């Protein structure tokens, strides 16, 4: 991805957009009960903690575009992945406005919380004023579509979240490039059934895990994998995507029956954004921060891995590549060992920066013992080995519980963390609960005991 130009929005007929400058994150009642080192990300140029230009830092993610056209290796990758998706008999029919808005089997309703984007953000109009869960009214939305159309600028927001001290000082805050409600709705009408099919089929055929439930899905992943695992991390995946990857995605869509609306992919590839009082044009790069792009980023990841394997290992049998992606995150396997370091080298030529899995200093063999997916390790249950626990280390959980964004959601926040932590074992879980109950706020919470969670897990299969 590359920024073509940037300048005063006024010069191009757009208004100044107002975005919060103060974090909603504040120390929680557990701030001194647990260890942690993360702080709220810098949200403005004037933040005292900054040690470099903020504007430069947040847009440095656009490293440029390494490739223009789709080569022969990418074409083969497209043919193989598209052929694989064809086995799912995905309904190519457009989804009606109602379901696209309020959800249906395999697709959740629009998030009434998130931004409505332009121009609604500048008109002070919220989603709550357009959508009616109880009525499932599409009248209002339909008139807004007719009035403002599609292909609207994306509203850029800085993400309010915890970051390491280094990322804070270097102003390395992540961004949210919100699509207008109009575009979000139009894209779900065009691809709604595709989204539903992926959400309903997490695994090695879709090569996707979006919409998955780790508590249950972890037990299914191992049997789908080939003998030798391989993985790696990407540095700034979304922003690094070159225009060629978007063209390869359109080819996949065309082959599976959506050639009808590949134009929507262009909107993601060549897009314009509004940030504060400026407007800018980007070539390449997947608009980041929102879930609406999770599926497309996952599909593209399937194309990238296939391409690098074909380019690095002529004669590779893709029918035996078994991988599952969630955006840029991935767990993959093949019957034979492969060299991730070599694959990373090939990746540079395609505009991708690949590094050792889980932040290792060197590319080491990936095993069921050290592999992680969505930050969770895999651990067989002591009593029932066939049941696999998704294990997220307590470090991140401890980092999270030390801050709060709303005193009213304290119990939901802590309960969600408990659902993650108990997988670490009864001993660790009880220590976690004991510390929570060492302060008044914690003692007033209704939290599940270990045996209660273990029983509920067994009863969920």
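Positions refer to the first chain, counted from 1.
For the pair 356-364 and 193-201, the mean B factor over Cα atoms is greater in 356-364. Of the two stretches examined, 44-52 and 413-421, the record assigns the greater average C-alpha temperature factor to 44-52. Across 320, 133, 80, 272, the greatest Cα temperature factor reported in the deposited entry is at 133. When the C-alpha B factors of 215, 111, 226, 247 are read from the deposited coordinates, the top value falls at 111. Residue 432: CA B factor in the lowest third of modelled residues in this chain (values from the PDB entry). Ranked by C-alpha B-factor against the other modelled residues of its chain, residue 399 falls in the lowest third. Remark: residue 169 belongs to the highest third of its chain, ranked by C-alpha B-factor as recorded.
For residue 329, the recorded CA temperature factor ranks within the lowest third of the chain's modelled residues. Looking at the C-alpha B-factors along this chain, the one for residue 154 belongs to the middle third.
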